[PDB]
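Read the structure below first, then the notes.
Number of protein chains: 2
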Amino acid sequence: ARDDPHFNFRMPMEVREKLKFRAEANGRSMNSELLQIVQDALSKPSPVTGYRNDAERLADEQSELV
Amino acid sequence: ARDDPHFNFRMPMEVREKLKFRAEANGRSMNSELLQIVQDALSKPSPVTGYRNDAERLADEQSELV
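Chain order of the listed sequences is B and A.
Every letter in the first sequence is one number past the one before it in the authors' numbering, and letter 57, counting from 1, is 57.
Every letter in the second sequence is one number past the one before it in the authors' numbering, and letter 54, counting from 1, is 54.
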């Protein structure tokens, strides 16, 4: 669609229990929690801000593991 | 049998350009990359080495319930 695209995620049993618990366990609803952890995971700050860190690791261990 | 379940994820243009430019931009193919960061995202650390954290960053998990 090229402005808000759909794709199938679509995940092995423990990732979609871990990502959907992280949602239903904690308080986001995975198109919510997947987005707020994913916009978290590779775009980082909601403004507190005592936040500089290895989320520079899901960086260099997804992408120097790869 | 369901040991890999669907949803349609579904992302505003910035998250699917930043999840997919990561991916490369597109060689390791976001069902592939989204999984291999997401498996990185809710299931690292490695004790530094590299690395500890999303600390701080899944404290931005607290933020998005905060």
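The beta-carbon is built from N, C-alpha and C at its ideal position, and this holds for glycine as well.
Could you give the residue range of the alpha helix (DSSP H) that holds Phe21(B)? 13-24
Going by the beta-carbon positions, is the gap between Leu58(B) and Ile37(A) smaller than 8 Å? yes
Return yes when the Cβ of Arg22(A) is within less than 8 Å of the Cβ of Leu65(B), no when it is not. no
Going by Cα to Cα distance, which pick from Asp54(A), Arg2(A), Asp60(A) is closest to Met13(B)? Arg2(A)
Go through its chain and collect everything with a Cβ distance to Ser32(A)'s Cβ below 8 Å, but skip five positions before and after it. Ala23
Would you mind reading off the limits of the alpha helix (DSSP H) that contains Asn31(A)? 31-42
Residue environment, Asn8(B), which counts as buried when at least 16 other CB atoms sit within 10 Å: exposed
Return the bridge partner residues of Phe7(B) from the DSSP annotation. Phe9(A)
In or out: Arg52(B) buried (at least 16 other Cβ within 10 Å) or exposed? exposed
Determine the chain A residues that contact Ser43(B) at a beta-carbon separation under 7 Å, and present them in chain order. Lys18
For residue 106(A), the nearest candidate out of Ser46(B), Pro5(B), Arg10(B) (CA to CA): In the structure as shown, chain A begins at 1 and stops at 66. Residue 106(A) is therefore absent and cannot be evaluated.
Please classify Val48(A) as buried or exposed, where buried requires at least 16 other C-beta atoms within 10 Å of its C-beta. exposed
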